[PDB]
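K.L.:
Questions regarding the structure given below will be posed in turn.
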Amino acid sequence: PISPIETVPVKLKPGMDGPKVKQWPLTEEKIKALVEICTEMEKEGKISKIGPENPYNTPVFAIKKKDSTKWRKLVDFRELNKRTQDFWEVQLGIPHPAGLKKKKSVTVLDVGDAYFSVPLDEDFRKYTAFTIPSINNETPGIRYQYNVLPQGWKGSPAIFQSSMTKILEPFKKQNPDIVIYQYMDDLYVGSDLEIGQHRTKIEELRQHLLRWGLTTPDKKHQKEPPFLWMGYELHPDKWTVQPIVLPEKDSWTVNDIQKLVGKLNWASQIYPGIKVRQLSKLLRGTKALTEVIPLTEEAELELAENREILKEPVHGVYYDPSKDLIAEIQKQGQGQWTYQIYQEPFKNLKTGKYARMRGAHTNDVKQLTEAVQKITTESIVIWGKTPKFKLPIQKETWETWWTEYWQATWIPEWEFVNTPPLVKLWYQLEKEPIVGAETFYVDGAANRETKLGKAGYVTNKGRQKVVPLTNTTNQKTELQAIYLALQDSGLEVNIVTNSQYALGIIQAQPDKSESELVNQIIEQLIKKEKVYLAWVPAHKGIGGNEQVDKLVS
Amino acid sequence: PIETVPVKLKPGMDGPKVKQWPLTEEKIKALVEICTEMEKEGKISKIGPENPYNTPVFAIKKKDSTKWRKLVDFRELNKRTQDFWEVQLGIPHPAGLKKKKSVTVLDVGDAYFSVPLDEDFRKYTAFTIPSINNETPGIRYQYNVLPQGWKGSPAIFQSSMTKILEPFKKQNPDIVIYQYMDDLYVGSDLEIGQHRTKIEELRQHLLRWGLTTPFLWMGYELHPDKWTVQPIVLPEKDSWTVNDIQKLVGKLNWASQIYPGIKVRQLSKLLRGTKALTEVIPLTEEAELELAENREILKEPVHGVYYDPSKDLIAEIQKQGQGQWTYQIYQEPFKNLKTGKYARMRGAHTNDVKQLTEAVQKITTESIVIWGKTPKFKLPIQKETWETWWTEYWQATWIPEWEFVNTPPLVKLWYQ
DNA sequence: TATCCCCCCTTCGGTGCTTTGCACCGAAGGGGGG
Ligand SMILES: O=C(Nc1cn[nH]c1)[C@@H]1C[C@H]1c1cccnc1
């Protein structure tokens with residue numbers, strides 16, 4: 001009569017045994033409800049009773065998160081998950097509707113309790129045993145097992161995905177005109193058939209799924225648009241985020257701020273211009289998770305901007321294979337960028353933001369290379385093709401950067417678009433000493449045992465200044481010496497450091513850094529006209545290096 | 001039918017579990033077509049979800065070819081495959097291959113398809129074919145024969161390959177043959193015509209053996225005789241400024257860890273005054289003496305550098321601008337084995353990732369010919385762009401183990 | 001006092017010399033969405 005589905009073997013850990021633990025007593029009402037549900041499932045056939053032949057069991061708790069007091073049942077499978085054949089879940093990426101193709105007729109099927117339809121392993125049902133105390137624990141417990149895939153277990157989603165793929169592969173082979181994306185519970189089906197032919201095809205697929213006993217309620221089976229699919233309301237010509245509302249709190253505490261940040265990030269997929277940097281800045285320095293952090297002026301400005309963007313709803317569009325993907329990036333400043341992956345003017349297919357700070361001393365060109373890399377990899381994942389960027393950077397600047405930077409970088413393809421704030425090199429250093437500039441010999445020295453040191457410069461003309469400072473590390477003493485040498489002279493200056501660490505920062509050409517010292521050096525170097533630095537082996541009798549070293553000794 | 005050879009692994013160390021990087025649409029299409037055909041011919045059989053094992057897979061179009069060839073990364077399996085280094089199936093390395101007029105490579109990888117793989121160890125060659133937009137789950141598969149890329153495949157095929165090689169080697173003792181992975185390295189001191197004729201003969205012999213018992217017509221040429229370790233040379237000059245004098249002192253220090261013969265005391269004495277960089281310091285008699293002696297020492301070839309069979313090989317790379325790269329193979333941070341320099345090529349004049357890819361291939365091929373262990377790279381590139389773009393310009397069939405570096409060397413010591 | 005996946009942040013813990021402060025990776029745990 002019915003078509004069974006073959007099992008997939010599982011096993012425990014070699015040498016390690018199964019779960020032997022028990023829980024603590026629950027509320028009498030919750031216990032009675034759970035008992036009713038379990039008896040109902042037993043008389044349905046999913047669950048069978050356990051005799052003395054299976055001594056050890058697994059604890060089971062009660063939850064009410066669904067609705068208010070639904071008495072929804074879940075089992076503490078922790079020990080079991082700690083001790084069984086590790087699995088390789090091959091389907092982990094969540095689909096994105098941007099890549100959906102414009103099917104003239106769409107229908108969404110929802111499978112009810114389909115995790116419970118697939119069977120389990122005979123050998124492992126002994127370890128999939130749980131027991132519930134009687135009503136108010138009058139009797140110590142009633143012991144049960146699962147002859148189906150348990151909800152909340154290591155391999156449950158993997159085995160379910162494999163089983164559904166096995167079931168649906170023949171149907172997909174049958175018709176090469178119908179697309180049937182599925183992620184877990186949902187079963188989107190879409191085709192370019194007529195309004196009646198598509199309905200007949202879906203009816204036949206539903207009967208074909210009833211052949212193995214899968215049940216799909218008509219109430220959950222969507223009929224007319226819109227179709228709410230895994231959080232994205234799919235209209236015939238426009239996907240859209242399911243509408244959300246942000247809290248209107250006046251005493252914002254840490255977790256409320258975190259929820260605001262999360263919802264803003266989640267809504268960033270379609271709303272262009274969302275910024276969260278300064279909003280997240282409050283979270284730095286976690287001290288107390290109960291108190292209320294005041295909303296600084298910058299945070300409230302960013303929050304107001306997010307709200308005024310979120311007032312109006314904006315809708316994306318489906319991908320069309322016959323057109324070419326074009327992306328864009330705008331520089332919001334402070335380390336925030338925006339995506340406008342599209343195919344036609346003013347018809348977005350996706351939108352996002354890049355805000356990660358990678359490196360303690362980086363600049364605009366490096367961050368625009370991390371931005372385009374992220375766009376490229378995400379576009380590969382979601383579309384299979386790399387888009388045609390529309391870069392803000394200018395060809396001359398990009399060439400001058402990539403032909404001279406020590407690593408290797410590459411940007412796939414782009415045309416320069418004129419839209420400020422442009423990305424450009426704030427200051428370009430010199431590679432050869434110039435004629436008509438001074439020469440500063442600087443050096444930093446300090447001791448770890450003293451937490452104090454002296455730094456100074458000895459120019460060619462004899463000018464000298466030794467400024468003693470404490471609590472500043474050696475790399476910092478050197479950085480201070482470079483700062484002094486910059487501050488003393490004019491627009492042009494030749495500076496001859498003796499430190500290996502120092503020069504790396506200045507040559508990297510940062511525009512921003514964590515250290516205020518480095519930020520001051522950047523300010524000075526932007527102010528100057530033509531600066532040339534130079535290295536010199538420390539402690540080798542080289543000109544003024546040892547002359548200032550003896551003074552700062 | 002070659003009887004199956006049981007294969008063990010390291011005691012108490014599980015097999016390969018590596019994530020699958022996303023792939024483009026054309027590569028996915030080619031990969032799935034190849035996999036379906038290979039299942040039709042019984043080489044690969046679909047596998048279930050109980051496997052806690054996975055290795056990546058990439059599709060690469062090889063040189064002068066139009067059909068993609070499936071390449072499966074096997075680095076984790078090779079590193080954890082035990083006993084195969086000490087099993088006598090390993091090949092002794094011919095020390096005469098370094099000195100030969102020409103070397104040609106052959107695609108004898110397809111010949112491994114005819115030997116069944118051990119069934120107990122079979123669970124470890126699992127690989128997944130991803131899907132675009134996560135439409136479907138991974139289309140998992142598993143070899144049924146010897147894989148292409150595992151360090152044990154040539155080791156197991158040694159016997160059947162020697163049974164074919166010995167007649168040719170016995171007939172012609174001049175030709176030396178070496179085999180690494182899927183590749184046959186064959187060379188001779190003959191001219192181009194004689195070398196090509198002998199290689200034709202060899203390929204005809206292999207094809208006739210296959211008849212009796214991705215393009216098979218491909219051929220790549222190499223010339224080991226045009227490789228010389230390059231000592232660093234100091235700049236030639238007679239009028240010297242303070243900046244140039246001090247940067248040459250810096251270069252001498254940079255060379256102080258390579259040799260113990262460089263003397264810097266006199267030229268340090270020349271820089272006791274705190275003069276401006278632009279100021280011109282004429283060189284003195286003692287300065288010229290030290291400079292000439294040091295230049296002679298630098299011309300003198302490196303000494304104390306020796307191979308250690310139990311240590312790995314490290315191949316640093318420094319970008320020198322205008323499409324110039326360098327490389328320094330070594331085993332101990334001072335005793336460099338073979339330095340070098342890779343000049344620019346044609347077609348990659350605006351592609352640093354491409355140039356680094358070609359440099360990687362040329363370094364690995366060289367090191368295989370010279371010693372037979374590929375070096376552990378230290379690439380000067382961003383990890384994410386590398387992982388995203390190395391496939392589209394890679395055309396080899398073996399993958400070395402690379403680590404990335406983010407600290408700037410800030411050296412022109414090697415750039416002359 | 002349930003499981004599993006993507007992504008977005010921050011904290012602390014390991015690396016490597018970048019030498020012991022500094023830069024730079026890697027999970028732990030915090031939320032969003034399934
Ligand atoms: O697949 C889904 N889709 C869905 C969208 N909105 N609500 C539900 C269910 C959420 C996922 C789940 C949760 C916990 C354990 N297993 C599976």
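We label chains A, B, ... in the order they appear in the structure tokens, count residues from 1 in each chain, and number ligands from 1 in the order shown.
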Enumerate as a PyMOL selection string the residues within 7 Å of ligand 1, counting only C-alpha atoms (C1' of nucleotides) and all ligand atoms.
P.N.:
(chain A and resi 152+183-186+230-231) or (chain C and resi 3-4+34)
K.L.:
Up to 10 Å from chain A, what residues of chain C turn up? Count only C-alpha atoms (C1' of nucleotides) and give them as a list in words.
P.N.:
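Only these qualify: residues 1, 2, 3, 4, 5, 6, 7, 8, 9, 10, 11, 18, 21, 22, 23, 24, 30, 31, 32, 33 and 34 of chain C.
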K.L.:
Counting only C-alpha atoms, which residue out of B:318, B:36, B:294, B:364 sits closest to chain A?
P.N.:
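Smallest separation from chain A among the options: B:318.
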K.L.:
Could you write out as a list in words the residues of chain B within 6 Å of chain A, counting only C-alpha atoms?
P.N.:
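The answer, sorted by residue number, is residues 22, 24, 25, 50, 52, 133, 134, 135, 137, 138, 250, 268, 271, 272, 273, 274, 275, 276, 319, 352, 380 and 381 of chain B.
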K.L.:
Deliver the residues from the most recent selection as a file, using C-alpha atoms, as a PDB file, in the first residue's frame.
P.N.:
```pdb
ATOM      1  CA  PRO B  22      31.963  28.308  -3.929  1.00  0.00           C
ATOM      2  CA  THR B  24      31.269  29.722 -10.814  1.00  0.00           C
ATOM      3  CA  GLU B  25      28.423  28.524 -13.012  1.00  0.00           C
ATOM      4  CA  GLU B  50      26.934   9.286   7.092  1.00  0.00           C
ATOM      5  CA  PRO B  52      32.140  12.730   8.177  1.00  0.00           C
ATOM      6  CA  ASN B 133      22.198  29.754  -4.775  1.00  0.00           C
ATOM      7  CA  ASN B 134      21.908  26.650  -2.566  1.00  0.00           C
ATOM      8  CA  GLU B 135      19.085  25.402  -4.772  1.00  0.00           C
ATOM      9  CA  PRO B 137      22.118  20.004  -1.428  1.00  0.00           C
ATOM     10  CA  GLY B 138      25.643  18.888  -2.298  1.00  0.00           C
ATOM     11  CA  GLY B 250      72.323  48.437   5.237  1.00  0.00           C
ATOM     12  CA  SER B 268      81.171  52.619   9.209  1.00  0.00           C
ATOM     13  CA  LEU B 271      80.108  57.744   8.415  1.00  0.00           C
ATOM     14  CA  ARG B 272      81.100  59.232  11.771  1.00  0.00           C
ATOM     15  CA  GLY B 273      79.883  62.718  10.837  1.00  0.00           C
ATOM     16  CA  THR B 274      76.228  63.747  10.873  1.00  0.00           C
ATOM     17  CA  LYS B 275      76.154  65.112   7.337  1.00  0.00           C
ATOM     18  CA  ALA B 276      73.140  65.562   5.091  1.00  0.00           C
ATOM     19  CA  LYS B 319      57.366  41.309  -5.213  1.00  0.00           C
ATOM     20  CA  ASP B 352      49.387  40.330 -10.070  1.00  0.00           C
ATOM     21  CA  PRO B 380      52.762  37.618  -0.488  1.00  0.00           C
ATOM     22  CA  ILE B 381      49.048  37.932  -1.281  1.00  0.00           C
TER      23      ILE B 381
END
```
K.L.:
Could you please select, counting only C-alpha atoms (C1' of nucleotides), the residues of chain B within 12 Å of chain C and state them as a list in words?
P.N.:
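My answer is residues 134, 383, 403, 404, 405, 406, 407, 408 and 409 of chain B.
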K.L.:
Between CA of residue 178 in chain B and CA of residue 226 in chain B, what is the distance, to one decimal in Å?
P.N.:
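Atom-to-atom, CA of residue 178 in chain B and CA of residue 226 in chain B are spaced 19.6 Å apart.
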K.L.:
Which residues are near residue 301 in chain A? Cut-off 12 Å, only C-alpha atoms (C1' of nucleotides), ignore same chain within fewer than 4 positions. Put them as a PyMOL selection string.
P.N.:
chain A and resi 275-279+295-297+305-308
K.L.:
What's around range 82-90 of chain B at 10 Å? Count only C-alpha atoms (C1' of nucleotides), leave out sequence neighbours fewer than 5 positions away in its own chain, and write the answer as a PyMOL selection string.
P.N.:
chain B and resi 7-11+77+151-152+154-159
K.L.:
Would you mind writing down, as a PyMOL selection string, each residue of range 207-346 of chain B that DSSP on the backbone assigns to helix (DSSP H, G or I)?
P.N.:
chain B and resi 207-212+224-226+242-254+265-269+285-299
K.L.:
Give me a file of those residues, with N, CA and C atoms, as a CSV table (one decimal), in the first residue's frame.
P.N.:
```csv
chain,number,residue,atom,x,y,z
B,207,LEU,N,50.5,4.3,-25.2
B,207,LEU,CA,49.2,4.1,-25.8
B,207,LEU,C,49.0,2.7,-26.2
B,208,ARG,N,50.0,2.1,-26.8
B,208,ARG,CA,49.9,0.7,-27.2
B,208,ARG,C,49.7,-0.3,-26.1
B,209,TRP,N,50.4,0.0,-24.9
B,209,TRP,CA,50.1,-0.8,-23.7
B,209,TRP,C,48.7,-0.6,-23.2
B,210,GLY,N,48.2,0.6,-23.3
B,210,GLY,CA,46.8,0.8,-22.9
B,210,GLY,C,45.8,0.1,-23.8
B,211,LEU,N,46.1,0.1,-25.1
B,211,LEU,CA,45.3,-0.6,-26.0
B,211,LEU,C,45.3,-2.1,-25.8
B,212,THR,N,46.5,-2.7,-25.6
B,212,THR,CA,46.6,-4.1,-25.4
B,212,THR,C,46.0,-4.5,-24.0
B,224,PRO,N,66.5,22.4,-17.8
B,224,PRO,CA,67.2,22.6,-16.5
B,224,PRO,C,68.6,23.2,-16.6
B,225,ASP,N,69.2,23.2,-17.8
B,225,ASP,CA,70.6,23.8,-17.9
B,225,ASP,C,70.7,25.3,-17.8
B,226,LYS,N,69.5,26.0,-17.9
B,226,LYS,CA,69.5,27.4,-17.9
B,226,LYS,C,69.1,28.0,-16.5
B,242,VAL,N,75.9,60.3,0.8
B,242,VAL,CA,75.8,59.8,2.2
B,242,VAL,C,74.6,58.8,2.2
B,243,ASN,N,73.5,59.1,1.6
B,243,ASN,CA,72.4,58.2,1.5
B,243,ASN,C,72.8,56.8,0.9
B,244,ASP,N,73.5,56.9,-0.2
B,244,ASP,CA,73.9,55.7,-0.9
B,244,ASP,C,74.9,54.9,-0.1
B,245,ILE,N,75.8,55.6,0.6
B,245,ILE,CA,76.8,54.9,1.5
B,245,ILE,C,76.1,54.2,2.6
B,246,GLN,N,75.1,54.8,3.2
B,246,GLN,CA,74.4,54.2,4.4
B,246,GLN,C,73.5,53.1,3.9
B,247,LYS,N,72.8,53.2,2.8
B,247,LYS,CA,72.0,52.1,2.3
B,247,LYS,C,72.8,51.0,1.8
B,248,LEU,N,74.0,51.2,1.3
B,248,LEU,CA,74.9,50.1,1.1
B,248,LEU,C,75.4,49.4,2.4
B,249,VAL,N,75.6,50.2,3.4
B,249,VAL,CA,75.9,49.6,4.7
B,249,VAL,C,74.7,48.8,5.2
B,250,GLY,N,73.5,49.2,4.9
B,250,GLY,CA,72.3,48.4,5.2
B,250,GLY,C,72.3,47.1,4.4
B,251,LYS,N,72.7,47.2,3.2
B,251,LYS,CA,72.7,46.0,2.4
B,251,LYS,C,73.8,45.0,2.8
B,252,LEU,N,74.9,45.6,3.3
B,252,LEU,CA,76.0,44.7,3.8
B,252,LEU,C,75.5,44.0,5.1
B,253,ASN,N,74.7,44.7,5.9
B,253,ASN,CA,74.1,44.1,7.1
B,253,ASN,C,73.2,43.0,6.6
B,254,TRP,N,72.3,43.4,5.7
B,254,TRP,CA,71.4,42.4,5.1
B,254,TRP,C,72.1,41.1,4.6
B,265,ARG,N,83.5,47.6,9.1
B,265,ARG,CA,84.1,48.6,10.1
B,265,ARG,C,84.6,49.9,9.4
B,266,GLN,N,85.3,49.7,8.3
B,266,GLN,CA,85.9,50.9,7.6
B,266,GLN,C,84.8,51.8,7.1
B,267,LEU,N,83.8,51.2,6.4
B,267,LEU,CA,82.8,52.1,5.8
B,267,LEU,C,81.9,52.6,6.9
B,268,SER,N,81.8,52.0,8.1
B,268,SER,CA,81.2,52.6,9.2
B,268,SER,C,82.0,53.8,9.7
B,269,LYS,N,83.3,53.7,9.7
B,269,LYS,CA,84.2,54.8,10.1
B,269,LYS,C,84.0,56.0,9.2
B,285,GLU,N,90.7,55.1,0.0
B,285,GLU,CA,91.5,53.9,-0.4
B,285,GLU,C,91.0,52.7,0.4
B,286,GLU,N,90.9,52.9,1.7
B,286,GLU,CA,90.4,51.7,2.5
B,286,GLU,C,89.0,51.4,2.2
B,287,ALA,N,88.2,52.4,1.9
B,287,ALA,CA,86.8,52.1,1.5
B,287,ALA,C,86.7,51.3,0.2
B,288,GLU,N,87.5,51.7,-0.8
B,288,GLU,CA,87.6,50.9,-2.0
B,288,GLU,C,88.1,49.5,-1.8
B,289,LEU,N,89.1,49.4,-0.9
B,289,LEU,CA,89.7,48.1,-0.6
B,289,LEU,C,88.6,47.1,-0.1
B,290,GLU,N,87.9,47.6,1.0
B,290,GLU,CA,86.8,46.8,1.6
B,290,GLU,C,85.7,46.5,0.6
B,291,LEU,N,85.3,47.5,-0.2
B,291,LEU,CA,84.3,47.3,-1.2
B,291,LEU,C,84.6,46.3,-2.2
B,292,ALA,N,85.9,46.3,-2.7
B,292,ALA,CA,86.3,45.4,-3.7
B,292,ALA,C,86.4,44.0,-3.1
B,293,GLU,N,86.9,43.8,-1.9
B,293,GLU,CA,87.0,42.5,-1.3
B,293,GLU,C,85.7,41.9,-1.0
B,294,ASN,N,84.7,42.8,-0.6
B,294,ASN,CA,83.4,42.3,-0.3
B,294,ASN,C,82.7,41.9,-1.6
B,295,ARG,N,82.9,42.7,-2.7
B,295,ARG,CA,82.3,42.3,-4.0
B,295,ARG,C,82.9,41.0,-4.5
B,296,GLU,N,84.2,40.7,-4.2
B,296,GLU,CA,84.8,39.4,-4.6
B,296,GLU,C,84.1,38.3,-3.8
B,297,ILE,N,83.9,38.6,-2.5
B,297,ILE,CA,83.3,37.6,-1.6
B,297,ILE,C,81.9,37.3,-2.1
B,298,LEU,N,81.1,38.3,-2.5
B,298,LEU,CA,79.8,38.1,-3.0
B,298,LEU,C,79.7,37.3,-4.3
B,299,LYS,N,80.7,37.6,-5.1
B,299,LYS,CA,80.9,36.8,-6.4
B,299,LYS,C,81.2,35.4,-6.0
```
K.L.:
Could you jot down the CA of residue 323 in chain B to CA of residue 233 in chain B separation for me, Å, one decimal place?
P.N.:
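About the pair CA of residue 323 in chain B and CA of residue 233 in chain B: they are 20.6 Å apart.
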K.L.:
Rank nothing, just name the residue among B:325, B:180, B:377, B:141 nearest to residue 401 in chain B, using only C-alpha atoms.
P.N.:
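Smallest separation from residue 401 in chain B among the options: B:377.
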K.L.:
Counting only C-alpha atoms, which residue out of B:136, B:397, B:332, B:308 sits closest to residue 188 in chain A?
P.N.:
B:136
K.L.:
Residues at most 8 Å from residue 17 in chain B, counting only C-alpha atoms (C1' of nucleotides), excluding those fewer than 6 positions away in the same chain, as a PyMOL selection string?
P.N.:
chain B and resi 52-55
K.L.:
Could you tell me how far CA of residue 216 in chain B lies from CA of residue 111 in chain B, in Å and to one decimal?
P.N.:
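Between these atoms lies a distance of 10.7 Å.
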